[PDB]
Number of protein chains: 2
Amino acid sequence: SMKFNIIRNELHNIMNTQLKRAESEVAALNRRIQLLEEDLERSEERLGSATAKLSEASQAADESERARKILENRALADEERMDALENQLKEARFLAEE
Amino acid sequence: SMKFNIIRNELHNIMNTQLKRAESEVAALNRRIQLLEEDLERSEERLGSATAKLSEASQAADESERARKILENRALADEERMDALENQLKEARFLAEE
């Protein structure tokens, strides 16, 4: 006894510290799991926001890109028009023929 | 023209960089959202593991704590037994009375 009292007490004090650390661990994981879920939630909404911001950025570039093409095709047509008017004057100066 | 060509080109190059950055942003959020979900998954399983490790730590302490109480109650009973035997000898030396 008394010697034994000192043991079954420091033993109590180790079993009690390990139980506290084991509570710490569960406590920490619950905090972690919770801030994660919050970052997740915040990221998803920041993603649909960025998604819309990108779809507009790319529909703008698509529509500038097609404007540029539509302009170059009109320049090309203009030169084919000039070619064509020139071939139709050679056709009308030839078609006489009287 | 040509002066204009230099502009509608550096303009193209800015619209194209902003569209790349906007893709970067969506790209980054998708990576983030994904590693989060993985940490979440890893934390939940590390939580049920820690949960079981704590329930055992606490059922051990509960059962050491009740052993200690059961021992102290048996020590107390032993002293009440001695009290009681002493009061029953005074009862039997008195009950004679003959």
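In what follows, the structure referred to is the one given above.
Analysis parameters
Residues numbered from 1 in each chain as written, not as in the entry; some residues may be left out. Chains lettered and ligands numbered in written order. Heavy atoms only, no water. Residues with missing side-chain atoms left out of burial classes, pairs and counts. Helix = DSSP H or I, 4+ residues; strand = E, 2+ residues; numbered from the N terminus. Buried < 20%, exposed > 50% of the residue type's maximum accessible area, 1.4 Å probe, protein only. Axes fitted to C-alpha atoms, helices over the stretch in contact; angles between N-to-C directions. Parallel < 35°, antiparallel > 145°, perpendicular 65-115°, else oblique. Left-handed = near helix turned anticlockwise from the far one by under 90°. Nonpolar A, V, L, I, M, F, W, Y, C, P; charged D, E, K, R; others polar. Least-squares fit on C-alpha atoms. Contact = heavy atoms within 4.5 Å. Buried area = accessible area lost by both parts, 1.4 Å probe. Salt bridge = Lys/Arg side-chain N within 4 Å of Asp/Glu carboxyl O. Polar contact = N/O pair within 3.5 Å; in protein donor to acceptor, adjacent residues only side chain to side chain.

This next bit is on unusual backbone geometry. Residues and elements named next belong to chain A. A cis amide bond links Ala96 with the next residue in sequence, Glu97, at an omega value of 10 degrees. Inspection of the secondary structure assignment puts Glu97 in the segment after α1 (3-94). Phi at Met2 takes a positive value of approximately 35 degrees, unusual for a residue other than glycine. Relative to the helices and strands, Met2 resides in the segment before α1. Backbone geometry at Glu97 places phi at a positive 60 degrees, although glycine is not the residue there. On the basis of relative accessibility, which here comes to 61%, the residue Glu97 falls in the exposed class.

One can describe the packing of α1 of chain A onto helix α1 (residues 3-94) of chain B by two numbers: an axis separation of 4 Å at closest approach and a directional angle of 165 degrees. One element, α1 of chain A, and the other, α1 of chain B, form an angle in the roughly antiparallel class. By crossing handedness, the relation of α1 of chain A to α1 of chain B is classed as left-handed. Among the residues making up the contact of α1 of chain A with α1 of chain B, the classes are represented as 28 nonpolar, 12 polar and 24 charged.

Take the relation of the copies chain A and chain B next. Placing chain A over chain B gives an RMSD of 0.0 Å and needs a rotation angle of 180 degrees, together with 0.0 Å of translation along the axis. Taken together, the rotation and translation describe the operation of a two-fold axis. Closest to the rotation axis within chain A is the C-alpha of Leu36 of chain A, separated from it by 3.2 Å.

Let us look at the interface of chain A and chain B. On the chain B side, the residues contacting the 32 residues of chain A number 32 residues. With both chains or domains summed, chain A and chain B bury close to 2900 Å², and 72% of this area falls on carbon and sulfur atoms. The interface formed by chain A and chain B includes two salt bridges. The salt bridge partner of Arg32 of chain A is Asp39 of chain B, with a shortest N-O separation of 2.8 Å. Summed over the shared surface of chain A and chain B, the number is four residue pairs in polar contact. Of the residues assigned to the side of chain A that touches chain B, the class counts are 14 nonpolar, six polar and 12 charged.

Nothing here speaks to function; it is all geometry.
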